[PDB]
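Following: one structure in structure tokens, then a few remarks.
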Amino acid sequence: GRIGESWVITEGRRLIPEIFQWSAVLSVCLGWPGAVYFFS
Amino acid sequence: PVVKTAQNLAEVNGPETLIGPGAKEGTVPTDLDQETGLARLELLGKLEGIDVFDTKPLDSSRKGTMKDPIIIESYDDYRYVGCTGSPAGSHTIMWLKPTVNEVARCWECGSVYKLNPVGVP
Amino acid sequence: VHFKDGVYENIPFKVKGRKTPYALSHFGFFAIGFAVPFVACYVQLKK
Amino acid sequence: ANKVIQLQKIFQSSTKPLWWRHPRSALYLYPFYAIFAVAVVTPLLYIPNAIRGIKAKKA
Amino acid sequence: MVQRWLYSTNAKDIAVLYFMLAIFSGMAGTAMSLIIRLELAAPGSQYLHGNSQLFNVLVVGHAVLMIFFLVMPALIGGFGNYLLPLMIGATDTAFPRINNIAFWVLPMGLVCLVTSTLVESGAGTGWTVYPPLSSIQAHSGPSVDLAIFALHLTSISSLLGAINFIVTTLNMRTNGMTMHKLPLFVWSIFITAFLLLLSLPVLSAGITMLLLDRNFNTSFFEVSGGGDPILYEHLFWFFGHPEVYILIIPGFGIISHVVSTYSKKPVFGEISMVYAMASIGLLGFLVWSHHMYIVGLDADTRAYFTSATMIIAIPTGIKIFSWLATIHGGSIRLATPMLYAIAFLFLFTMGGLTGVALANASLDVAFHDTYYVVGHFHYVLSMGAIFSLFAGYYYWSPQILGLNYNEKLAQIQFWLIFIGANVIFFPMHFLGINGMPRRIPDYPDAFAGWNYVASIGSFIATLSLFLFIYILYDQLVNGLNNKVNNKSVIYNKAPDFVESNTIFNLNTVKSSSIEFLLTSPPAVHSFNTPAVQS
Amino acid sequence: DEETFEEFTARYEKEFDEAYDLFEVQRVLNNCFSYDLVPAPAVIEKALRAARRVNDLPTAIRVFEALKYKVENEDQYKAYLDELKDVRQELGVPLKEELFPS
Amino acid sequence: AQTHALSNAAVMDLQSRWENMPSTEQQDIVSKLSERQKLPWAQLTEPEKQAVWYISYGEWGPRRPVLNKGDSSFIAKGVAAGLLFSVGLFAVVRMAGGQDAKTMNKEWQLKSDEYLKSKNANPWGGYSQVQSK
Ligand code: HEA
Ligand code: HEA
Ligand SMILES: CCCCCCCCCCCCCCCCCC(=O)O[C@@H](COC(=O)CCCCCCCCCCCCCCC)COP(=O)(O)OC[C@H](O)CO
Ligand SMILES: CCCCCCCCCCCCCCCCCC(=O)O[C@@H](COC(=O)CCCCCCCCCCCCCCC)COP(=O)(O)OC[C@H](O)CO
Ligand SMILES: CCCCCCCCCCCCCCCC(=O)OC[C@H](COP(=O)([O-])OCC[N+](C)(C)C)OC(=O)CCCCCCCCCCCCCCC
Ligand SMILES: [Cu+2]
């Protein structure tokens, strides 16, 4: 109820949505090492 | 083209018509006729209190609801005022736009404001 | 001095004109956008 | 005085630009401040006219 | 008909004219910076035949032009003279003659600086004019004198404008307005004007002293004759750092106004951070000397300077978190001001992070004058000034013109400048850690790929400027179409799930000032009645 | 400064005594829902009767779907379900059978 | 005014489109709906409820968001066109620049790297690869 539904997202923000944050910075690895490999 | 006594607070109109005669000998006269332009009217008004372009506050403390909405003494078509509560401050100021074409609302007081002309022939 | 409504006259240019329908003055603006560095280079060196 | 009132009446009865105040001064200044200004400005940037035509070409 | 554009007694014409002058200077600076980066695109002489003298001439032209004619005039003058005396309820601003004199002494500066840049000798010492680096022996001719005169006249113009703003704030306040609860923009302009009034005269005195040295051939700051140029170096620091505050704080006020009028919620700790900004303005005279750690000062002096420079750095994070709370719990719209403010705040967080990295004095020994310092201030100045000006324009164009601007063009413009800035500025970390040696026309070819990507980003920025001017043309030609259809944004803020269509139509904006619902700029006689507020 | 919240409620009822159109209903609903406080069934029924004083069923839809989606409040459903059920059965506003099957 | 079974072509014409219908009887239909709902609700039929919900709630006029019916594709392809213009103009200006390097070929860099990375306590032989042509 008040406690059971409180942890739906309170403790769920560490394993459910971290993929979004990880992919929000994934551009660096695909972009800059790719350019390094292309030029060198 | 005749001299004007200019003893009335409202009978003077036009700074050009006022010149101000000089003095031959004596002392500096009082701030009644030696001043040039229309500044003498303004300084007299600030000396006494009866003023044009008055900075006196309006009925800000009054709620100004439908029972007795606030008054604005100006013939200009537009209005630039504000009212966000009877006390000195309780919320962010929002401007009010009194007009005759439509009605106005306060969003905190819900006041319908009516612009107030000055009597004309 | 008090005859400006403030809809299209606020800009310090004249919209009217068949020789310059905001086409010649603005092309001059295009030219002067890159004119000063080009002439600065041209004075001492080549572009 | 006897001339300030007359000048004020003339200005009131005739509103014109340039203030109708310094006609001789205007004739001494503006045409001079045009012709002499051109005569003093143009030579400074017209001296390199002969040198003008630099293509930055060397052999 | 020409007195309106030559003897403008109204503030709005002067504001738009300053905007035009600043945008012209900015586009010229951007084009010539593109030329410079093309010269630095690849080592050698591909487009310019070496000419390191010419190289530093355009480098100093770049710096001086963008600092003195792009960031300064419009960003303060337009917003000040359009809001500060207008929102307070004043009828008309005073001192039109002073503003006209400032405008008409400006072309002296423009023409003199053009002549100084367009002489064979020229002045090319960069933004630093400390002798004997700025000596007449190397940079001969009249360039130094013309630069000094331009400095003097620009300082006079800015100081007189600040005086006018200050007297307007102090005297033209309406009866119904408390001083403690002034808006953040008013306090921002107040602090900026007072810091300018306390900073510009010192630099002006130093510049006059240098002019006397160059003319009368005396010995004050030359190394020969027992001179101390470090005095003028400290004067330039105590100008620039408060001048950095002058350039940034009005941007902070503009962002605060945007978020307050958009997010529909009050700014967290508004009065508390008004007091904090007042403290910043009062204490800015103590953190001006965190750049001279290597001149030869004592260790205790280094400790004092570093202690000050990281003890006055908290309010930056305070403002970051306050604006984060201001956008927290409210409604955020997919509008260009939102994204401009978000990008500006994010890149400012990285810039402040780099500055905090620079705050330490021990690390400065191996970090000073490396690439990291120039990367840091390019970060902070570039994003701050450029994004603040862009957000101001895209947030104020319907406020001053009333003709709507395309949403699609604005979004693609933002994306272009944003991607250009990111691709330019990301590799600077590697560039700093390697130690790219600054101000070299022919740098080692090791950084060739990074120079290539920097040139690509610069060219992206230049085509973005072309998009800017084309967007201006599109607005001028199709404002009526934008008003007719939905191709452009019509209302600043979207309604919430509480409002009926008619109610929102008759309550389109509930802001803290009448400017938003003030009709397109009226004639020179506006605000005929005082503003009443309770 | 954890100021009182019943003062704004009493302001809502005193404006209800001065209510003159649906505009005041919109204003009071926006002000009440803006606060962090969860409205009790009493004040919810007061807002509902204020909206029905002009007899505008779309305003009833507004207030009901606002109650359904006012505040996450750690995802409170069952209380919302029973509250919507009773505030529906008091008068009867069947609308969830139309927009949901879309 | 005191209508009966008011379910006409306008009621189901409202839902489809609103801007095409020429704004001169929008006021008439909304006034008629207001007059009808002034009377007791009596559980109005669904098309009238949907029409009044559409005319009172939004998703039209002011509620039209910045996200239009396919402008995001225009955003992405404007960015792509800008990038293509950038690369094309860079290529053409580089071609018009001409050759300006008589030294520092690949073999020059190879010789320099071999000279640097042959002695003097090399950090694992270095990684100074030649940049490009
Ligand atoms: C005001 C701060 C500022 C800003 C914004 C910039 C912006 C940039 N600077 Fe500069 N720079 C300095 C301050 C700044 N710089 C200083 C102090 C130096 C050292 C001086 C020296 O020692 O001499 C320096 C030096 C410097 C150098 C060293 C010169 C060398 O020796 O070769 C280089 C190298 O390329 C460089 C590059 C750039 C680039 C690519 C940008 C790009 O960010 C440019 C992008 C800018 C734009 C986006 C402008 C858009 C134009 C508009 C039309 C505006 C429209 C706005 C409205 C009016 C609505 N800068
Ligand atoms: C926009 C203007 C701006 C801003 C905001 C800053 C921010 C800072 N700057 Fe910088 N700086 C410049 C403009 C700016 N600087 C310029 C033009 C120069 C070049 C001048 C010259 O050297 O030539 C320069 C150079 C410069 C130097 C010169 C290096 C050397 O000696 O050569 C140093 C050295 O200490 C420094 C320090 C700092 C610090 C500590 C901050 C900090 O105030 C940053 C504040 C931000 C943070 C606080 C991080 C975000 C918030 C937090 C995470 C909160 C929690 C963290 C802490 C409180 C620890 N700056
Ligand atoms: C090599 C030649 C130059 C190419 C560079 C781009 C030049 C401009 C685009 C030329 C046409 C490209 C192919 C178009 C195919 C049909 C798509 C179409 O009909 O376009 C419309 C459909 O929109 C789209 O989805 C396309 C957007 C425009 C075209 C974008 C081109 C991108 C680059 C294409 C070539 C890339 C080649 C190299 C690959 C990287 C555009 O709408 P509008 O702008 O006319 O509508 C807006 C309104 O009329 C006025 O506001
Ligand atoms: C010497 C002149 C030679 C001719 C030049 C003609 C240029 C015409 C415009 C570009 C080529 C379009 C070819 C036809 C495409 C048709 C499909 C379409 O709709 O694409 C539109 C694509 O246009 C756009 O998307 C306009 C914006 C494109 C650019 C956006 C990003 C620009 C970023 C860089 C700007 C600065 C660049 C500087 C360096 C060059 C063009 O719309 P339209 O005006 O032809 O209307 C067609 C409509 O269906 C009615 O029939
Ligand atoms: C390799 C170097 C070149 C790298 C770059 C190469 C060129 C770019 C490649 C990726 C292009 C992605 C396009 C995304 C925008 C788009 O059009 O996506 C579609 C939806 C639109 O939203 P919708 O509601 O589905 O629209 C429906 C429209 N109908 C179908 C009814 C007509 O919109 C969405 O789904 C929005 C979410 C998608 C992501 C939006 C952010 C885009 C910017 C960041 C992209 C980062 C890079 C991604 C690709 C690697
Ligand atoms: Cu500092």
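If you're wondering about the labels, chains in the structure tokens are A, B, ... by order shown, residues count from 1 in each chain, ligands from 1 in order shown.
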
Determine, for each residue of chain G having at least one atom at most 9 Å from an atom of ligand 3, the closest pair of atoms and their separation in Å to one decimal, counting only C-alpha atoms and all ligand atoms; order by chain and ascending number, as CSV.
```
residue,atom,partner,partner_atom_place_in_ligand_line,distance
G:70,CA,ligand 3,25 (O),8.1
G:71,CA,ligand 3,25 (O),8.3
G:72,CA,ligand 3,25 (O),8.9
G:73,CA,ligand 3,25 (O),5.6
G:74,CA,ligand 3,27 (C),5.1
G:75,CA,ligand 3,27 (C),8.1
G:76,CA,ligand 3,27 (C),8.3
G:77,CA,ligand 3,30 (C),4.9
G:78,CA,ligand 3,30 (C),6.0
G:79,CA,ligand 3,32 (C),8.3
G:80,CA,ligand 3,32 (C),5.8
G:81,CA,ligand 3,32 (C),4.7
G:82,CA,ligand 3,6 (C),8.4
G:83,CA,ligand 3,40 (C),8.0
G:84,CA,ligand 3,40 (C),5.8
G:85,CA,ligand 3,5 (C),6.9
```

- Message: Let me see if you get this right: every residue at most 6 Å from ligand 1, counting only C-alpha atoms and all ligand atoms, written as a list in words.
- Response: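 If we count only C-alpha atoms and all ligand atoms, the neighbours of ligand 1 turn out to be residues 19, 23, 26, 27, 30, 37, 59, 60, 63, 66, 67, 126, 127, 378, 381, 382, 386, 389, 390, 393, 439, 440, 458 and 465 of chain E.
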
- Query: Could you pull the residues within 9 Å of range 52-65 of chain F, counting only C-alpha atoms, minus those fewer than 4 positions along the same chain, as a count of residues only?
  - Reply: 29

- Enumerate as a PyMOL selection string the residues belonging to chain E that approach chain C to within 8 Å, with only C-alpha atoms taken into account. chain E and resi 4-5+13+16-17+24+27-28+31-32+35+47-49+54+117-118+120+401-402+520-525

- Tell me, as a ChimeraX atom specification, which residues lie within 12 Å of residue 111 in chain G, counting only C-alpha atoms; anything in the same chain fewer than 6 positions away does not count. /G:104-105,117-118,128-130

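Reported to one decimal place, the separation of atom 25 (C, counted along the ligand's line) of ligand 2 from CA of residue 234 in chain E is 14.3 Å.
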
- Task: List all protein, DNA and RNA residues that have any atom at most 8 Å from ligand 2, counting only C-alpha atoms and all ligand atoms, and write the list as a VMD selection string.
- Result: chain E and resid 237 240 to 241 244 to 245 247 to 248 290 to 294 306 309 to 318 320 348 to 361 364 367 to 370 373 to 374 376 to 378 380 to 381 384

Save out the residues we just selected, N, CA and C atoms, as a short mmCIF file (atom, residue, chain, number, x, y, z; two decimals), in the first residue's frame.
```cif
data_model
loop_
_atom_site.label_atom_id
_atom_site.label_comp_id
_atom_site.auth_asym_id
_atom_site.auth_seq_id
_atom_site.Cartn_x
_atom_site.Cartn_y
_atom_site.Cartn_z
N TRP E 237 44.22 42.52 -14.97
CA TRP E 237 43.53 41.41 -14.33
C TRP E 237 42.29 41.90 -13.57
N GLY E 240 39.73 42.55 -16.22
CA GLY E 240 39.17 41.44 -16.97
C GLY E 240 38.29 40.53 -16.13
N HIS E 241 38.76 40.14 -14.94
CA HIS E 241 37.95 39.25 -14.11
C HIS E 241 36.63 39.90 -13.71
N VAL E 244 34.75 39.84 -16.80
CA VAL E 244 34.13 38.53 -17.01
C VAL E 244 32.81 38.45 -16.25
N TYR E 245 32.80 38.92 -15.00
CA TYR E 245 31.54 38.99 -14.26
C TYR E 245 30.54 39.89 -14.96
N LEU E 247 30.27 40.40 -18.13
CA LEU E 247 29.75 39.70 -19.30
C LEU E 247 28.80 38.57 -18.91
N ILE E 248 29.02 37.93 -17.77
CA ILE E 248 28.27 36.71 -17.44
C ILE E 248 27.01 37.01 -16.63
N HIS E 290 43.97 35.33 -9.24
CA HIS E 290 44.27 33.91 -9.23
C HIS E 290 44.96 33.45 -10.51
N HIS E 291 45.37 34.39 -11.37
CA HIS E 291 46.11 34.08 -12.58
C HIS E 291 47.61 34.33 -12.45
N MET E 292 48.03 35.12 -11.47
CA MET E 292 49.42 35.54 -11.32
C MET E 292 50.21 34.66 -10.35
N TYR E 293 49.85 33.37 -10.25
CA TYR E 293 50.49 32.46 -9.30
C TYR E 293 51.97 32.23 -9.58
N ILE E 294 52.45 32.58 -10.77
CA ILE E 294 53.82 32.28 -11.17
C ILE E 294 54.68 33.53 -11.30
N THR E 306 44.40 31.56 -3.44
CA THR E 306 43.68 30.32 -3.72
C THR E 306 42.51 30.13 -2.76
N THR E 309 39.79 32.20 -4.03
CA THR E 309 39.25 31.81 -5.32
C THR E 309 38.46 30.51 -5.26
N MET E 310 38.64 29.67 -4.24
CA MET E 310 37.69 28.57 -4.12
C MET E 310 36.69 28.78 -2.98
N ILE E 311 36.80 29.88 -2.21
CA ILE E 311 35.75 30.17 -1.24
C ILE E 311 34.66 31.05 -1.82
N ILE E 312 34.91 31.72 -2.95
CA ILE E 312 33.85 32.47 -3.64
C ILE E 312 33.25 31.68 -4.80
N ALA E 313 33.59 30.39 -4.94
CA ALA E 313 33.08 29.58 -6.04
C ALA E 313 31.80 28.83 -5.71
N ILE E 314 31.36 28.83 -4.45
CA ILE E 314 30.13 28.11 -4.08
C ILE E 314 28.90 28.66 -4.78
N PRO E 315 28.69 29.99 -4.90
CA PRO E 315 27.43 30.47 -5.49
C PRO E 315 27.19 30.00 -6.92
N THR E 316 28.22 29.62 -7.67
CA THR E 316 27.98 29.03 -8.99
C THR E 316 27.18 27.74 -8.87
N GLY E 317 27.62 26.83 -8.01
CA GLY E 317 26.85 25.62 -7.76
C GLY E 317 25.51 25.91 -7.11
N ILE E 318 25.45 26.94 -6.27
CA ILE E 318 24.17 27.32 -5.67
C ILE E 318 23.17 27.71 -6.75
N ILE E 320 23.32 26.81 -9.93
CA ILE E 320 23.03 25.61 -10.70
C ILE E 320 21.90 24.83 -10.05
N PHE E 348 28.17 25.23 -18.94
CA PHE E 348 28.70 26.05 -17.87
C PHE E 348 29.12 25.21 -16.68
N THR E 349 28.41 24.10 -16.42
CA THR E 349 28.85 23.19 -15.37
C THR E 349 30.20 22.57 -15.71
N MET E 350 30.39 22.14 -16.96
CA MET E 350 31.72 21.67 -17.36
C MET E 350 32.77 22.78 -17.28
N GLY E 351 32.42 24.00 -17.69
CA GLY E 351 33.38 25.09 -17.61
C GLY E 351 33.79 25.40 -16.18
N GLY E 352 32.82 25.45 -15.27
CA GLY E 352 33.13 25.62 -13.86
C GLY E 352 33.90 24.46 -13.28
N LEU E 353 33.64 23.25 -13.78
CA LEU E 353 34.42 22.09 -13.36
C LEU E 353 35.88 22.26 -13.73
N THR E 354 36.13 22.70 -14.97
CA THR E 354 37.51 22.96 -15.40
C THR E 354 38.13 24.08 -14.58
N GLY E 355 37.35 25.12 -14.27
CA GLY E 355 37.87 26.20 -13.45
C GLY E 355 38.25 25.75 -12.05
N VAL E 356 37.41 24.91 -11.44
CA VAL E 356 37.72 24.34 -10.13
C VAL E 356 38.98 23.48 -10.23
N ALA E 357 39.12 22.73 -11.32
CA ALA E 357 40.37 22.01 -11.57
C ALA E 357 41.55 22.97 -11.62
N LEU E 358 41.33 24.18 -12.13
CA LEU E 358 42.37 25.20 -12.18
C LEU E 358 42.53 25.95 -10.87
N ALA E 359 41.58 25.82 -9.94
CA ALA E 359 41.62 26.60 -8.71
C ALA E 359 42.86 26.30 -7.88
N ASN E 360 43.34 25.06 -7.91
CA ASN E 360 44.50 24.68 -7.12
C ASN E 360 45.75 25.39 -7.64
N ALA E 361 46.59 25.84 -6.71
CA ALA E 361 47.81 26.56 -7.06
C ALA E 361 48.98 25.62 -7.34
N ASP E 364 48.81 24.35 -10.76
CA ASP E 364 48.97 25.41 -11.75
C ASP E 364 50.39 25.45 -12.30
N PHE E 367 50.27 23.29 -14.94
CA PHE E 367 49.06 23.50 -15.73
C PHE E 367 48.91 24.91 -16.29
N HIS E 368 49.61 25.90 -15.74
CA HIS E 368 49.45 27.27 -16.22
C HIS E 368 50.02 27.39 -17.63
N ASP E 369 49.39 28.25 -18.43
CA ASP E 369 49.81 28.55 -19.80
C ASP E 369 49.86 27.31 -20.68
N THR E 370 49.40 26.16 -20.19
CA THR E 370 49.24 24.97 -21.02
C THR E 370 47.99 25.17 -21.87
N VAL E 373 44.24 25.96 -19.75
CA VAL E 373 43.72 27.26 -19.32
C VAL E 373 42.96 27.94 -20.46
N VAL E 374 43.52 27.92 -21.67
CA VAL E 374 42.85 28.57 -22.79
C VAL E 374 41.60 27.80 -23.18
N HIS E 376 39.76 26.21 -21.04
CA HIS E 376 38.80 26.54 -20.00
C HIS E 376 38.12 27.88 -20.27
N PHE E 377 38.91 28.92 -20.56
CA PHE E 377 38.21 30.19 -20.69
C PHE E 377 37.48 30.29 -22.03
N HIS E 378 37.96 29.60 -23.07
CA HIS E 378 37.16 29.50 -24.29
C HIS E 378 35.83 28.82 -24.00
N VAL E 380 34.11 28.73 -21.09
CA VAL E 380 33.18 29.53 -20.30
C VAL E 380 32.71 30.75 -21.08
N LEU E 381 33.64 31.51 -21.68
CA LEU E 381 33.25 32.71 -22.41
C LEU E 381 32.38 32.37 -23.61
N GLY E 384 28.84 30.86 -22.41
CA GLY E 384 28.15 31.95 -21.74
C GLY E 384 27.65 33.02 -22.68
#
```

I need the alpha helix (DSSP H) residues of range 328-423 of chain E per DSSP on the backbone, written as a PDB file with C-alpha atoms, in the first residue's frame.
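In the end it all went to part.pdb:
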```pdb
ATOM      1  CA  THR E 336      13.996  26.631 -27.952  1.00  0.00           C
ATOM      2  CA  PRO E 337      14.492  28.711 -24.747  1.00  0.00           C
ATOM      3  CA  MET E 338      14.326  25.545 -22.637  1.00  0.00           C
ATOM      4  CA  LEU E 339      16.968  23.743 -24.703  1.00  0.00           C
ATOM      5  CA  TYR E 340      19.156  26.864 -24.970  1.00  0.00           C
ATOM      6  CA  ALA E 341      19.120  27.299 -21.191  1.00  0.00           C
ATOM      7  CA  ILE E 342      19.738  23.579 -20.626  1.00  0.00           C
ATOM      8  CA  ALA E 343      22.725  23.511 -22.987  1.00  0.00           C
ATOM      9  CA  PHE E 344      24.112  26.731 -21.501  1.00  0.00           C
ATOM     10  CA  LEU E 345      23.804  25.403 -17.942  1.00  0.00           C
ATOM     11  CA  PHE E 346      25.353  22.037 -18.815  1.00  0.00           C
ATOM     12  CA  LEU E 347      28.342  23.487 -20.658  1.00  0.00           C
ATOM     13  CA  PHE E 348      28.698  26.054 -17.867  1.00  0.00           C
ATOM     14  CA  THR E 349      28.854  23.188 -15.367  1.00  0.00           C
ATOM     15  CA  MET E 350      31.719  21.669 -17.361  1.00  0.00           C
ATOM     16  CA  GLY E 351      33.381  25.091 -17.609  1.00  0.00           C
ATOM     17  CA  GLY E 352      33.132  25.623 -13.865  1.00  0.00           C
ATOM     18  CA  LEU E 353      34.417  22.085 -13.357  1.00  0.00           C
ATOM     19  CA  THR E 354      37.506  22.960 -15.398  1.00  0.00           C
ATOM     20  CA  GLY E 355      37.872  26.205 -13.448  1.00  0.00           C
ATOM     21  CA  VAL E 356      37.723  24.340 -10.134  1.00  0.00           C
ATOM     22  CA  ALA E 357      40.367  22.013 -11.565  1.00  0.00           C
ATOM     23  CA  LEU E 358      42.372  25.197 -12.181  1.00  0.00           C
ATOM     24  CA  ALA E 359      41.622  26.605  -8.708  1.00  0.00           C
ATOM     25  CA  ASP E 364      48.968  25.411 -11.746  1.00  0.00           C
ATOM     26  CA  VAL E 365      52.773  25.135 -11.936  1.00  0.00           C
ATOM     27  CA  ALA E 366      52.479  22.325 -14.486  1.00  0.00           C
ATOM     28  CA  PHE E 367      49.063  23.504 -15.727  1.00  0.00           C
ATOM     29  CA  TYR E 371      46.358  24.289 -23.365  1.00  0.00           C
ATOM     30  CA  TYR E 372      44.019  23.617 -20.430  1.00  0.00           C
ATOM     31  CA  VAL E 373      43.722  27.256 -19.322  1.00  0.00           C
ATOM     32  CA  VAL E 374      42.850  28.574 -22.787  1.00  0.00           C
ATOM     33  CA  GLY E 375      40.445  25.685 -23.314  1.00  0.00           C
ATOM     34  CA  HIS E 376      38.795  26.543 -19.995  1.00  0.00           C
ATOM     35  CA  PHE E 377      38.206  30.194 -20.692  1.00  0.00           C
ATOM     36  CA  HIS E 378      37.158  29.498 -24.286  1.00  0.00           C
ATOM     37  CA  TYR E 379      34.596  27.094 -22.823  1.00  0.00           C
ATOM     38  CA  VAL E 380      33.183  29.529 -20.296  1.00  0.00           C
ATOM     39  CA  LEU E 381      33.251  32.708 -22.409  1.00  0.00           C
ATOM     40  CA  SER E 388      23.025  33.824 -23.602  1.00  0.00           C
ATOM     41  CA  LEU E 389      22.746  36.089 -26.650  1.00  0.00           C
ATOM     42  CA  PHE E 390      21.070  33.356 -28.717  1.00  0.00           C
ATOM     43  CA  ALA E 391      18.560  32.585 -25.958  1.00  0.00           C
ATOM     44  CA  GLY E 392      17.870  36.291 -25.508  1.00  0.00           C
ATOM     45  CA  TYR E 393      17.206  36.778 -29.214  1.00  0.00           C
ATOM     46  CA  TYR E 394      15.012  33.685 -29.606  1.00  0.00           C
ATOM     47  CA  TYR E 395      13.175  34.613 -26.378  1.00  0.00           C
ATOM     48  CA  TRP E 396      12.743  38.335 -27.084  1.00  0.00           C
ATOM     49  CA  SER E 397      12.175  38.621 -30.855  1.00  0.00           C
ATOM     50  CA  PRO E 398       8.339  38.400 -30.595  1.00  0.00           C
ATOM     51  CA  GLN E 399       8.562  40.732 -27.587  1.00  0.00           C
ATOM     52  CA  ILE E 400      10.115  43.566 -29.613  1.00  0.00           C
ATOM     53  CA  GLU E 407      10.327  26.735 -34.728  1.00  0.00           C
ATOM     54  CA  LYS E 408      11.945  24.319 -37.194  1.00  0.00           C
ATOM     55  CA  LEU E 409      14.623  26.797 -38.263  1.00  0.00           C
ATOM     56  CA  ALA E 410      15.369  27.661 -34.633  1.00  0.00           C
ATOM     57  CA  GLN E 411      15.714  23.985 -33.685  1.00  0.00           C
ATOM     58  CA  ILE E 412      17.996  23.129 -36.607  1.00  0.00           C
ATOM     59  CA  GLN E 413      20.035  26.240 -35.782  1.00  0.00           C
ATOM     60  CA  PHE E 414      20.429  25.114 -32.177  1.00  0.00           C
ATOM     61  CA  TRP E 415      21.429  21.639 -33.306  1.00  0.00           C
ATOM     62  CA  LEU E 416      24.047  23.032 -35.695  1.00  0.00           C
ATOM     63  CA  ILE E 417      25.738  25.335 -33.168  1.00  0.00           C
ATOM     64  CA  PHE E 418      25.452  22.678 -30.446  1.00  0.00           C
ATOM     65  CA  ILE E 419      27.057  19.883 -32.466  1.00  0.00           C
ATOM     66  CA  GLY E 420      29.736  22.271 -33.717  1.00  0.00           C
ATOM     67  CA  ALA E 421      30.567  23.340 -30.171  1.00  0.00           C
ATOM     68  CA  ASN E 422      30.667  19.755 -28.892  1.00  0.00           C
ATOM     69  CA  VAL E 423      32.868  18.466 -31.723  1.00  0.00           C
TER      70      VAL E 423
END
```

Shell around residue 82 in chain F at 12 Å using only C-alpha atoms, local window under 5 positions removed, as a PDB file with N, CA and C atoms, in the first residue's frame:
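Done, and the output landed in out_35.pdb:
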```pdb
ATOM      1  N   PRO F  41     -12.015  13.960   0.119  1.00  0.00           N
ATOM      2  CA  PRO F  41     -13.289  13.863  -0.614  1.00  0.00           C
ATOM      3  C   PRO F  41     -14.219  15.039  -0.371  1.00  0.00           C
ATOM      4  N   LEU F  67      -8.207  14.006 -10.873  1.00  0.00           N
ATOM      5  CA  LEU F  67      -8.098  13.155  -9.692  1.00  0.00           C
ATOM      6  C   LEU F  67      -7.391  11.849 -10.023  1.00  0.00           C
ATOM      7  N   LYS F  68      -7.692  11.270 -11.187  1.00  0.00           N
ATOM      8  CA  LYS F  68      -7.023  10.035 -11.582  1.00  0.00           C
ATOM      9  C   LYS F  68      -5.534  10.248 -11.831  1.00  0.00           C
ATOM     10  N   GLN F  76      -0.305   5.803  -5.971  1.00  0.00           N
ATOM     11  CA  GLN F  76      -1.506   5.445  -5.225  1.00  0.00           C
ATOM     12  C   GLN F  76      -2.648   5.170  -6.198  1.00  0.00           C
ATOM     13  N   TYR F  77      -3.149   3.934  -6.201  1.00  0.00           N
ATOM     14  CA  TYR F  77      -4.243   3.542  -7.083  1.00  0.00           C
ATOM     15  C   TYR F  77      -5.517   3.190  -6.325  1.00  0.00           C
ATOM     16  N   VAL F  87     -17.276   9.197  -6.035  1.00  0.00           N
ATOM     17  CA  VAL F  87     -17.599  10.478  -6.662  1.00  0.00           C
ATOM     18  C   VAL F  87     -18.269  10.306  -8.016  1.00  0.00           C
ATOM     19  N   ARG F  88     -18.248   9.100  -8.577  1.00  0.00           N
ATOM     20  CA  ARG F  88     -19.032   8.797  -9.766  1.00  0.00           C
ATOM     21  C   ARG F  88     -20.445   8.364  -9.400  1.00  0.00           C
ATOM     22  N   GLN F  89     -20.572   7.445  -8.441  1.00  0.00           N
ATOM     23  CA  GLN F  89     -21.883   6.946  -8.054  1.00  0.00           C
ATOM     24  C   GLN F  89     -22.742   8.009  -7.383  1.00  0.00           C
TER      25      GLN F  89
END
```

- Using only C-alpha atoms, select each residue of chain D with any atom at most 12 Å away from an atom of chain C, and give the selection as a list in words. residues 48, 51, 52, 53, 54, 55, 56, 57 and 58 of chain D

Can you write just those residues out, C-alpha atoms, as a CSV table (one decimal), in the first residue's frame?
```
chain,number,residue,atom,x,y,z
D,48,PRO,CA,48.1,54.7,-53.4
D,51,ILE,CA,50.3,51.6,-56.4
D,52,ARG,CA,46.8,50.0,-56.5
D,53,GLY,CA,46.6,46.8,-58.5
D,54,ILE,CA,48.6,44.5,-56.2
D,55,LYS,CA,48.0,40.8,-57.2
D,56,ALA,CA,50.7,39.4,-54.8
D,57,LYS,CA,52.6,38.0,-57.8
D,58,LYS,CA,56.4,37.6,-57.6
```
